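Protein sequences appear in the order of chains B and D. Sequential numbering of the first sequence, starting at 1349, is according to the deposited numbering. Sequential numbering of the second sequence, starting at 1003, is according to the deposited numbering.
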Amino acid sequence: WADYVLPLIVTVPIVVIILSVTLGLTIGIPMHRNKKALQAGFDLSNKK
Amino acid sequence: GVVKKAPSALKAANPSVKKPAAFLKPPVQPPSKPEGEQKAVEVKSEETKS
């Protein structure tokens, strides 16, 4: 082992970035949809 | 709608009351069904299959 410290400094931040972006998209995409659904639901309630 | 027909029937049953010149302007036709299309806002929950 032990040769890998310099690539670990490259690789760790990249994985974190990928995982963070994915987490952002996975939470972010439904939050926008929830907002729209909530609005639509209230709009429909008001109409009814 | 069945009671409005009861005085007229009585008036009709006593022909001696000289129809008060009701100035019965014809019932102005029930306003035609508000044609407001309740477009049921189909909230299509598009299940974005992440």
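For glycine and all other residues, C-beta sits at the position ideal for the given N, C-alpha and C.
Just checking: is the beta-carbon of residue 1351 of chain B within a distance shorter than 8 Å of some beta-carbon in chain D? Residue 1351 of chain B has a beta carbon lying at 8 Å or more from every beta carbon in chain D.
Any beta carbon from chain D within less than 8 Å of residue 1374 of chain B's own beta carbon? yes
Beta carbon of residue 1370 of chain B, beta carbon of residue 1052 of chain D: below 8 Å? no
Grab me the residues of residue 1035 of chain D's own chain with a C-beta within less than 6 Å of its C-beta, minus the 5 sequence neighbours each way, in chain order. Answer for residue 1035 of chain D: no residue qualifies.
Look at the alpha carbon of residue 1377 of chain B and the alpha carbon of residue 1003 of chain D, and state the distance between them as a whole number of angstroms. 57 Å
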